[PDB]
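Order of appearance sets the numbers: ligands from 1, and atoms from 1 within every ligand. Basis for what follows: all heavy atoms, side chains included, without hydrogens, waters or symmetry-related copies. Below, chain A is the first sequence line, B the second, and so on; all start at residue 1.
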Amino acid sequence: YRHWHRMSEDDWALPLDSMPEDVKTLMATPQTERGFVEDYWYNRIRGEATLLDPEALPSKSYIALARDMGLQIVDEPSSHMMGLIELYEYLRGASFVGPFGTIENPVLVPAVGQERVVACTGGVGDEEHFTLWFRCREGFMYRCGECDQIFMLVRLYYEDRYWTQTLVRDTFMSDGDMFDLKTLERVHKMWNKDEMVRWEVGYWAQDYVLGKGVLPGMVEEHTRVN
Amino acid sequence: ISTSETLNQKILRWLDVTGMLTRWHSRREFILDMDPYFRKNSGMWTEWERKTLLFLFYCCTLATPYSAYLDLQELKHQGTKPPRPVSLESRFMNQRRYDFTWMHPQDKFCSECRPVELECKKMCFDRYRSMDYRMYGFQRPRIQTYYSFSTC
Amino acid sequence: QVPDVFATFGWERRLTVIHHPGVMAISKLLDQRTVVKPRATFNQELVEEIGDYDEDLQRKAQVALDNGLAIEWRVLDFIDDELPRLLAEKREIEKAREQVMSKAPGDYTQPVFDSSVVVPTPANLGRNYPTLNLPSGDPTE
Amino acid sequence: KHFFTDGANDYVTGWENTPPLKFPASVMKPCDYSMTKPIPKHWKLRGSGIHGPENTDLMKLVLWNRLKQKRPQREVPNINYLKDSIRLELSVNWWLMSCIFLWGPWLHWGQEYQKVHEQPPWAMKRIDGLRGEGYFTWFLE
Amino acid sequence: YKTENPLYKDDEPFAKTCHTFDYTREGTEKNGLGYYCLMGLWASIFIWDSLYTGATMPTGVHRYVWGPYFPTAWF
Ligand SMILES: CCCCCCCC/C=C/CCCCCCCC(=O)OC[C@H](COP(=O)(O)OCCN)OC(=O)CCCCCCC/C=C/CCCCCCCC
Ligand SMILES: CCCCCCCCCCCCCCCC(=O)OC[C@H](COP(=O)(O)O)OC(=O)CCCCCCCCCCCCCCC
Ligand SMILES: [Zn+2]
């Protein structure tokens with residue numbers, strides 16, 4: 001959005017030193033129990049394990065492929081929530097302009113709390129009036145006293161929580177078959193051999209499953225000076 | 001005198017003693033004269049941007065000696081500034097309502113002298129020294145000190 | 001049937017859009033910089049311009065152009081030794097492209113080719129190329 | 001340009017109101033739905049209708065304005081842009097050259113002439129009997 | 001294939017939208033002939049005022065063929 005500042009380096013990828021060292025437990029943790037860093041590396045390890053196995057991709061369904069990469073198959077419930085989330089974020093630093101509100105289609109006023117201050121400017125052209133500010137509280141269909149424009153408050157609330165991308169992913173995504181560490185090892189040997197590492201994440205991940213320091217050059221990789 | 005090069009090449013080689021010309025005519029040589037941390041960003045530069053930067057840098061550094069010459073002549077001029085006639089005290093000249101003490105509110109050194117009136121202060125310091133009070137300055141002949149810019 | 005997916009970008013400030021599952025898979029695959037590699041194709045006009053900045057690269061780039069090779073720059077520095085493998089690699093990639101393209105729809109069998117000459121592949125993960133940024137001339141000569 | 005302007009010289013965030021012209025309209029287009037044909041009455045409003053990311057063009061603008069921040073190479077601007085970027089720098093440098101090779105020489109000549117003839121070479125010699133160099137800018141007399 | 005050096009490509013045009021930027025009709029892009037005519041007149045006035053220092057103090061004696069009411073008697 002225009003109100004956001006510049007992408008960080010982390011916005012693209014995370015450093016491999018932030019990979020959890022207990023990979024064996026990481027790949028067995030349920031999604032609802034994974035933190036932001038743990039969830040990043042669960043998806044990256046599992047997603048790259050399937051993508052770096054070309055011979056199996058054509059026989060893998062889009063439902064299974066999306067699960068491996070950690071992408072959520074969309075549906076009307078989740079689409080509604082995500083859309084209203086992105087609309088809330090956009091309105092943080094953007095103007096609020098849209099069609100005239102009526103009983104059939106009230107002006108939708110997203111909010112996290114139970115109230116949001118709103119102003120009615122009336123219709124277009126000569127039907128526009130001076131700003132009339134009012135407090136839009138949930139559970140009431142508001143009508144402007146001047147132009148009769150109907151307003152309504154929409155709350156991004158779900159089960160004692162507000163709506164977030166993390167909440168939407170946890171509520172609607174279902175964990176599939178438990179990730180098999182044999183796949184990690186098999187793909188690791190595929191792209192990492194004879195001092196050539198073409199899957200750096202899988203070389204670090206396999207090292208942790210082995211106990212940290214087992215694979216060649218990994219003790220030297222983990223030895224820091226400050 | 002080397003005859004293995006042309007006269008033009010010899011002159012350019014000597015003007016390249018510090019490598020300025022080589023860095024202009026070689027991108028690789030310019031990037032490898034950068035410290036490694038900044039060499040990382042070099043590949044994005046255009047040749048237009050690179051040579052324009054060198055041109056601005058070279059013009060500036062080559063004019064610094066000229067400014068230095070102009071400044072030295074200025075120092076010499078001030079170091080031997082000609083005496084000027086003593087000012088007649090005209091209708092509106094040398095008006096004082098109170099002594100000059102804003103520099104030394106409590107000590108009140110040279111209350112009669114003006115802030116940068118060096119000859120008045122010298123005689124005033126001499127009075128203080130004759131009164132057993134030490135003051136600094138106005139005792140060494142100019143030609144017997146360094147950086148005076150008044151030596152023949 | 002291809003399902004729609006949510007694709008999110010950013011770490012702390014996250015922007016979510018809808019996207020194609022296959023397009024996202026390709027996007028992540030191209031992010032594997034060690035596996036999927038960009039390769040350069042030259043033309044005579046650009047090869048000549050290279051000489052203005054690196055004479056050695058011009059000669060090596062000319063060899064690549066003469067053989068119509070799409071070559072990585074790191075490999076290009078060793079084209080003198082890698083040329084026989086590069087020519088063999090070119091043939092195998094072409095064979096594979098032809099086989100997959102000509103196959104009937106719904107036939108996703110792997111192509112038959114010699115993977116030992118194609119890099120990067122499991123069969124040949126490449127060579128440990130030595131840095132060539134070492135001066136070899138005496139300034140006093 | 002030096003000064004930052006949100007609309008034109010927005011270098012702090014790099015936001016651009018419209019997509020690159022290189023992109024086909026089918027891929028990305030400027031966010032402009034002012035020409036939308038009248039909606040049929042039997043169509044029903046599903047979305048909010050509010051100007052925002054529900055519109056495809058606006059969504060793609062936000063997405064691109066964030067994913068454009070990482071690029072494999074530089075987008076070389078043309079020489080006109082490069083000249084404008086350092087217009088003041090180049091002009092000041094030429095001003096310094098003028099001050100050294102134009103102002104310098106004639107100022108020296110005037111002082112040397114003044115030494116011999118008491119007044120600069122661009123002044124009217126006085127007969128009043130007053131002494132000294134007198135004015136220098138004769139056109140402000 | 002054929003390519004174009006980016007340094008010599010032309011400037012990209014403003015996008016054509018509901019909100020379009022257009023400077024073509026302003027005529028503020030560069031100094032025009034009128035500006036250079038102002039400079040020429042300034043140089044001329046500067047030289048004239050110095051060369052002919054009695055111009056501001058003219059002579060009231062006037063003959064004027066065809067009298068004073070003829071057009072060439074006003075310049
Ligand atoms: C067939 C066609 C041939 C045409 C030939 C054209 C020849 C033109 C020659 C022009 C020579 C001009 C010389 C100017 C010398 C000025 C020297 C001077 O004043 O030095 C000191 C002065 C500063 O003095 P201060 O003591 O600080 O006092 C002033 C400030 N307080 O220093 C400067 O001004 C520095 C700049 C010096 C510039 C010298 C310019 C020389 C120009 C040569 C041009 C040659 C052109 C040849 C053309 C050939 C075409 C076939
Ligand atoms: C706060 C103080 C500021 C400084 C002093 C301000 C002084 C007043 C304002 C001046 C501003 C000028 C800015 C430059 C504009 C510019 O160059 O503007 C340039 C314009 C031309 O525009 P173009 O560049 O588009 O051609 O010049 C003109 O319009 C004039 C063209 C030449 C005319 C020649 C003949 C003139 C005859 C005049 C006779 C006068 C007789 C008077 C009798 C009493
Ligand atoms: Zn209203």
Note to self: I'd like to know if D/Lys115 and D/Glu112 make a salt bridge, using a cut-off of under 4.0 Å between side-chain N and carboxylate O.
What the structure shows: yes
Margin query: Please evaluate residues A/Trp4 and A/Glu89 with respect to the criterion side-chain hydrogen bond (donor to acceptor under 3.5 Å, both in side chains), reporting the C-alpha separation (whole Å), side-chain torsions for both, the decisive distance (0.1 Å), and the verdict.
Written below: CA-CA 10 Å; A/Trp4 286 356; A/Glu89 180 61 26; 2.8 Å; yes
Notebook entry, point to check: Does one side chain, of B/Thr6 or B/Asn8, offer a donor that lies under 3.5 Å from an acceptor on the other?
Noted result: no
Next item on the list: For ligand 2, would you mind listing the residues that have at least one heavy atom less than 4.0 Å away, ordered by chain and number?
Entry: E/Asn31, E/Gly32, E/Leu33, E/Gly34, E/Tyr35, E/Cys37, E/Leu38, E/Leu41
Check: Do B/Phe57 and B/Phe55 have ring centres separated by under 6.0 Å?
Finding: no
Next item on the list: For side-chain contact (heavy atoms from CB on, under 4.5 Å), just list the numbers for D/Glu54 and A/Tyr90, CA-CA rounded to whole Å, side-chain angles, deciding distance to a tenth of an Å, and then say yes or no.
Entry: CA-CA 10 Å; D/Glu54 290 162 73; A/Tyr90 175 79; over 6 Å; no
Note to self: Would you say the ring centers of D/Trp106 and D/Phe136 fall short of 6.0 Å from each other?
What the structure shows: yes
Item checked: Residues that B/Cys120 engages under disulfide (SG to SG under 2.5 Å), provided they are two or more places apart -> B/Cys113
Next item on the list: Report yes if some heavy atom in the side chain of B/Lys76 is under 4.5 Å from a heavy atom in the side chain of B/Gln73; otherwise report no.
Entry: yes
Next item on the list: Sum up the protein N, O or S atoms located under 2.8 Å from the Zn ion (ligand 3).
Entry: 4
Margin query: Can you tell whether the side chains of A/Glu115 and A/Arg135 come within less than 4.0 Å, N to carboxylate O?
Written below: yes
Margin query: Rounded at 0.5 Å granularity, tell me how far CD in A/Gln149 sits from OH in A/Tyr142.
Written below: 15.0 Å
Note to self: I'd like to know whether the aromatic ring centres of E/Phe21 and E/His19 sit less than 6.0 Å apart in this structure.
What the structure shows: yes
Between ligand 1 and the protein, tabulate every N or O atom pair separated by less than 3.5 Å, reporting distance only.
unit_1, atom_1, unit_2, atom_2, d
ligand 1, 19 (O), D/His108, ND1, 3.3
ligand 1, 34 (O), D/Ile100, O, 3.4
ligand 1, 34 (O), D/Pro105, N, 3.0

Item checked: Residues D/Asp57, D/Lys60: salt bridge by 4.0 Å N-O rule -> no
